[PDB]
Amino acid sequence: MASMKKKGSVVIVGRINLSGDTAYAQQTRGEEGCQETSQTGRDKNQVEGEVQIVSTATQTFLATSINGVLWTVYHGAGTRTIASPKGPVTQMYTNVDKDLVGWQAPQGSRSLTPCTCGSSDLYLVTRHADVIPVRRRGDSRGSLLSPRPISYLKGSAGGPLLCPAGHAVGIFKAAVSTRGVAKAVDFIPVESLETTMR
Ligand SMILES: CC(C)(C)OC(=O)N[C@H]1CCCCC/C=C\[C@@H]2C[C@@]2(C(=O)NS(=O)(=O)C2CC2)NC(=O)[C@@H]2C[C@@H](OC(=O)n3cc4cccc(F)c4c3)CN2C1=O
Ligand SMILES: [Zn+2]
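The deposited coordinates, according to the entry record, derive from X-ray crystallography at 1.1590 Å resolution.

Caption draft 1: Looking closely at the site of ligand 1. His 75, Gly 155, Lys 173, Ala 174 and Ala 175 are the nearest of the 20 residues found near ligand 1. One of the backbone N or O atoms of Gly 155 is found 2.9 Å from an oxygen atom in ligand 1. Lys 173 places a polar main-chain atom, nitrogen or oxygen, 3.0 Å from a nitrogen atom of ligand 1. Protein contact buries 64% of the 900 Å² of open area that ligand 1 shows by itself. Those elements that place two or more of their residues in the shell around ligand 1 are β4 (60–66), α2 (74–77), α3 (150–153) and β12 (168–178). Per-class residue counts for the shell around ligand 1 are eight nonpolar, six polar and six charged. Domain assignment of the residues forming the shell around ligand 1 places at least three in each of domain 1 (1–112) and domain 2 (113–198).

Caption draft 2: Main features of the sheet that holds strand β6 (residues 93–95). Taken together, the seven strands give an open sheet; going across it, the order is β2-β1-β3-β4-β5-β7-β6, and neighbouring strands pair in antiparallel fashion. Strands with a single pairing partner mark the edges of an open sheet, and in this sheet they are β2 (24–27) and β6. Strand after strand, the sheet turns through a mean of 25° between neighbouring axes, direction not considered.

Caption draft 3: Region of the structure containing the coordination of the zinc ion (ligand 2). Note on the zinc ion (ligand 2): its protein donors are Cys 115 (SG), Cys 117 (SG), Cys 163 (SG) and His 167 (ND1). The metal-donor distances range over 2.1 to 2.3 Å. Around the zinc ion (ligand 2) sit four donor atoms; with metal-centred angles ranging over 98 to 124°, the donor geometry is tetrahedral. The exposure class assigned to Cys 117 is partly exposed, which follows from its relative accessible area of 46%.

Caption draft 4: Region of interest: the UniProt feature "binding site: Zn(2+) 1" (unreviewed entry) in the chain. The sites that carry the UniProt feature "binding site: Zn(2+) 1" (unreviewed entry) are, in the present numbering, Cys 115 and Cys 117. Secondary-structure assignment places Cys 115 in the loop between β7 (100–104) and β8 (121–125). In this structure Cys 115 touches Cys 163, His 167, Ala 168, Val 169 and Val 190, once residues within four positions along its chain are discounted. When you line up the elements, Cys 117 lands in the loop between β7 and β8. Non-local contacts of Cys 117, meaning those with residues more than four positions away in its chain, are made with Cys 163 and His 167.

Rules of the game
Residues numbered from 1 in each chain as written, not as in the entry; some residues may be left out. Chains lettered and ligands numbered in written order. Heavy atoms only, no water. Residues with missing side-chain atoms left out of burial classes, pairs and counts. Near = heavy atom within 4 Å. Polar contact = N/O pair within 3.5 Å; in protein donor to acceptor, adjacent residues only side chain to side chain. Areas by Shrake-Rupley, 256 points an atom, 1.4 Å probe, with all protein chains shown as cover. Helix = DSSP H or I, 4+ residues; strand = E, 2+ residues; numbered from the N terminus. Nonpolar A, V, L, I, M, F, W, Y, C, P; charged D, E, K, R; others polar. Domains from an automatic or database assignment. Pairing = 2+ DSSP bridges. Axes fitted to C-alpha atoms, helices over the stretch in contact; angles between N-to-C directions. Donors = N, O, S within 2.8 Å, 3.2 Å for Na, K, Ca; no water. Tetrahedral: all angles 85-135°; square planar, octahedral: opposite > 155°, others 65-115°. Buried < 20%, exposed > 50% of the residue type's maximum accessible area, 1.4 Å probe, protein only. UniProt positions renumbered as here; feature names shortened; annotations may be inferred. Contact = heavy atoms within 4.5 Å.

Structure below.
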């Protein structure tokens, strides 16, 4: 018992910058700082933007602010706290059945607005700042207009699908692939986030 370890916090290590005319990834913390911050849960870096790049000791993925909550996938974060300026912050939402977790959005972050357009022309934002057109095919699936190897999508769970007007439509959860080629993506619809918030 005396030697049982604690898991680290999720740490924000960068962002996908969507503020201008060009989407691009920025790193804000390197590996040594990430490891230290995961242990203390104390991250004094300034946070900006809607889409964060996040890491644990073993994985890296995305997290997206919508309605004042920073959302990501359970299969990346588990039940972990997130690092913040005053120490670890406990999840305010956890739903393994939806593959969804959320923490209060970091000070400095900006939130996407939930889409009410009812549009099926979507855009997936990856951890490499690719903006991939996706045609909505149901409540929680969309097809890639141009299929890609799953290598391209790995590490982007937790990122957003957006409508033409830049509203949040969903959170990327899983790739639908055959022979290593992603033809479609599954996502957690924003309506499901809004229900979880109640
Ligand atoms: C569901 C279906 C149709 C059978 O498909 C698939 O299972 N396909 C696979 C294809 C894997 C190849 C890589 C694909 C590339 C990118 C994938 C987006 C991604 C990712 O980037 N993760 S990550 O590297 O950032 C990672 C660090 C965070 N997610 C995954 O890998 C997830 C994770 C795992 O699924 C889950 O644990 N759960 C738990 C769930 C609970 C409820 C509901 C769910 F659906 C759940 C899905 C399998 N996954 C797939 O996608
Ligand atoms: Zn919209």
